[PDB]
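Student: This is the structure I want to talk about, given as structure tokens.
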Amino acid sequence: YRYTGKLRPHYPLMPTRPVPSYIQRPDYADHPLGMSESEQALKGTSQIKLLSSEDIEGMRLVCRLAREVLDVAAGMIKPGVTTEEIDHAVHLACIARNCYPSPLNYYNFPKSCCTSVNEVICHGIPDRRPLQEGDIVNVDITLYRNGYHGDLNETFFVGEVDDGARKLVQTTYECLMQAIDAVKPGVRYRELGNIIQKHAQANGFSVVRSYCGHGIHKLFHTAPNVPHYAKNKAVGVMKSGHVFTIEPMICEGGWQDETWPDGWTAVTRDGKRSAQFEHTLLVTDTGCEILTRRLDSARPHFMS
Ligand SMILES: CC(C)(C)OC(=O)Nc1cccnc1C(=O)Nc1nccs1
Ligand SMILES: [Ca+2]
Ligand SMILES: [Co+2]
Ligand SMILES: [Co+2]
Ligand SMILES: [Co+2]
């Protein structure tokens with residue numbers, strides 16, 4: 001395999017971390033290949049679930065807990081810390097909140113969160129590499145509690161970063177918020193990509209096309225599929241009660257991605273940097289509730 005940039009995986013990986021049996025597990029947690037039968041049963045369907053008041057309370061809870069766990073990871077970002085150490089802290093923080101870390105064994109993913117450094121677009125696997133000053137790193141968190149999944153992610157700066165890193169991260173966050181500001185009943189899911197690409201393009205950045213936002217609730221990834229690029233064929237119109245994520249991955253260079261031999265790590269084909277931000281949103285009668293928002297601080301960590 002020919003690596004696209006300077007990053008290399010740092011093996012060996014620690015043995016998979018167990019989750020106490022008292023914590024409720026999603027169906028794929030105990031499937032040998034990590035397959036989710038409940039999810040697969042709806043593969044290819046575009047119908048979007050309309051959450052009940054009960055489902056909404058469950059989503060509000062898990063999303064708040066997920067934010068708490070991402071905040072824990074945020075506090076650990078510093079030069080010298082390995083992504084496996086961040087993952088260990090996330091795993092324990094999920095357990096402390098009586099939640100199962102959704103990524104764990106999802107289609108056999110080996111860790112409890114995704115840590116994506118520099119040219120890694122997404123799905124980076126926590127390993128032995130210590131973070132380096134100047135790096136940008138995304139931590140993607142998803143928790144499962146009482147049958148509901150809550151998902152969010154932020155990109156962080158490791159020590160002092162260059163102006164290019166600052167612009168990429170700020171722009172990506174702005175792309176996400178402009179999309180969220182457009183969410184309300186009656187809006188087509190395909191419009192979000194037009195908004196995101198317009199802002200990214202105005203700043204000289206590209207939009208990853210192989211990975212999209214997704215419906216999330218009783219399932220980790222389900223309808224609707226939400227592309228972040230312009231002129232996409234996303235199916236569906238927003239309605240109060242819909243819950244889904246917006247998680248644009250923006251790149252310094254081209255939008256093309258490829259996957260490492262580990263089967264998970266997605267990287268830019270040109271080796272340039274990529275940044276991402278994500279929130280889980282609930283469409284209300286008039287707009288949307290950002291379930292994974294910070295409740296005690298006005299801004300994301302990179303600008304805090
Ligand atoms: C094909 C199938 C199984 C339903 O998975 C997905 O679509 N998956 C998906 C879509 C968009 C963004 N992400 C993912 C994903 O897995 N991300 C993960 N994060 C941690 C472990 S797996
Ligand atoms: Ca990255
Ligand atoms: Co993902
Ligand atoms: Co996520
Ligand atoms: Co997501």
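Identifiers in the structure tokens: chain A, B, ... in order shown; residue index from 1 per chain; ligand index from 1 in order shown.
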Please identify all polymer residues within 9 Å of residue 65 of chain A, counting only C-alpha atoms, omitting same-chain residues fewer than 3 positions from it, and present them as number ranges by chain.
Tutor: A: 60-62, 68-70, 94, 97, 99, 143, 150, 292
Student: Could you please extract the residues within 9 Å of ligand 4, counting only C-alpha atoms and all ligand atoms, and hand them back as number ranges by chain?
Tutor: A: 113-114, 139-142, 150-153, 213, 245, 247, 277-280
Student: What would the file look like if the residues just selected were written as a tab-separated table (two decimals), in the first residue's frame with C-alpha atoms?
Tutor:
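out28.tsv, freshly written:
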chain	number	residue	atom	x	y	z
A	113	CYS	CA	-14.45	6.28	18.95
A	114	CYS	CA	-12.86	7.54	15.73
A	139	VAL	CA	-12.80	12.91	17.59
A	140	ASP	CA	-16.15	11.36	16.59
A	141	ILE	CA	-18.27	10.11	19.47
A	142	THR	CA	-21.42	8.02	19.41
A	150	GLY	CA	-26.34	10.00	19.99
A	151	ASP	CA	-23.63	11.23	17.62
A	152	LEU	CA	-21.31	14.26	17.37
A	153	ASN	CA	-17.78	15.24	16.47
A	213	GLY	CA	-24.90	12.61	7.22
A	245	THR	CA	-26.92	14.26	11.50
A	247	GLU	CA	-21.29	16.08	9.43
A	277	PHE	CA	-17.82	18.81	12.56
A	278	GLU	CA	-21.05	17.01	13.40
A	279	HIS	CA	-24.26	17.47	15.37
A	280	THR	CA	-27.37	15.28	15.74
Student: Just give me the gap between atom CA of residue 238 of chain A and atom CA of residue 275 of chain A in Å, one decimal is fine.
Tutor: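 These atoms are spaced 26.4 Å apart.
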Student: For residue 10 of chain A, please output as a PyMOL selection string all residues within 7 Å (counting only C-alpha atoms; exclusion window: fewer than 3 positions along the same chain).
Tutor: chain A and resi 127-129
Student: With distances taken over only C-alpha atoms and all ligand atoms, which residue among A:104, A:169, A:13, A:295 lies nearest ligand 1?
Tutor: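 Smallest separation from ligand 1 among the options: A:104.
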Student: How close does each residue of chain A get to ligand 2, giving the shortest atom pair and distance in Å to one decimal for every residue with an atom at most 10 Å away, counting only C-alpha atoms and all ligand atoms, sorted by chain and residue number, as a Markdown table?
Tutor:
| residue | atom | partner | partner_atom_place_in_ligand_line | distance |
| --- | --- | --- | --- | --- |
| A:115 | CA | ligand 2 | 1 (Ca) | 8.1 |
| A:116 | CA | ligand 2 | 1 (Ca) | 4.6 |
| A:117 | CA | ligand 2 | 1 (Ca) | 4.2 |
| A:118 | CA | ligand 2 | 1 (Ca) | 4.0 |
| A:119 | CA | ligand 2 | 1 (Ca) | 5.2 |
| A:120 | CA | ligand 2 | 1 (Ca) | 4.5 |
| A:121 | CA | ligand 2 | 1 (Ca) | 5.0 |
| A:122 | CA | ligand 2 | 1 (Ca) | 6.6 |
| A:123 | CA | ligand 2 | 1 (Ca) | 9.5 |
| A:124 | CA | ligand 2 | 1 (Ca) | 8.5 |
| A:135 | CA | ligand 2 | 1 (Ca) | 8.7 |
| A:136 | CA | ligand 2 | 1 (Ca) | 6.3 |
| A:137 | CA | ligand 2 | 1 (Ca) | 5.4 |
| A:138 | CA | ligand 2 | 1 (Ca) | 5.7 |
| A:139 | CA | ligand 2 | 1 (Ca) | 9.1 |
| A:155 | CA | ligand 2 | 1 (Ca) | 7.4 |
| A:156 | CA | ligand 2 | 1 (Ca) | 9.3 |
| A:169 | CA | ligand 2 | 1 (Ca) | 9.5 |
| A:249 | CA | ligand 2 | 1 (Ca) | 8.5 |
| A:250 | CA | ligand 2 | 1 (Ca) | 9.1 |
| A:251 | CA | ligand 2 | 1 (Ca) | 8.7 |
| A:266 | CA | ligand 2 | 1 (Ca) | 9.5 |
| A:267 | CA | ligand 2 | 1 (Ca) | 8.3 |
| A:268 | CA | ligand 2 | 1 (Ca) | 9.2 |
| A:272 | CA | ligand 2 | 1 (Ca) | 9.3 |
| A:273 | CA | ligand 2 | 1 (Ca) | 6.0 |
| A:274 | CA | ligand 2 | 1 (Ca) | 4.5 |
| A:275 | CA | ligand 2 | 1 (Ca) | 4.8 |
| A:276 | CA | ligand 2 | 1 (Ca) | 7.0 |
Student: Hey, which of A:39, A:87, A:252, A:262 ends up closest to ligand 1? Count only C-alpha atoms and all ligand atoms.
Tutor: A:39
Student: DSSP on the backbone, then: every residue of segment 63-226 of chain A marked strand (DSSP E or B), written as a VMD selection string.
Tutor: chain A and resid 82 100 to 101 114 to 117 120 to 122 130 136 to 145 148 to 157 188 206 to 207 213 to 215 222 to 226
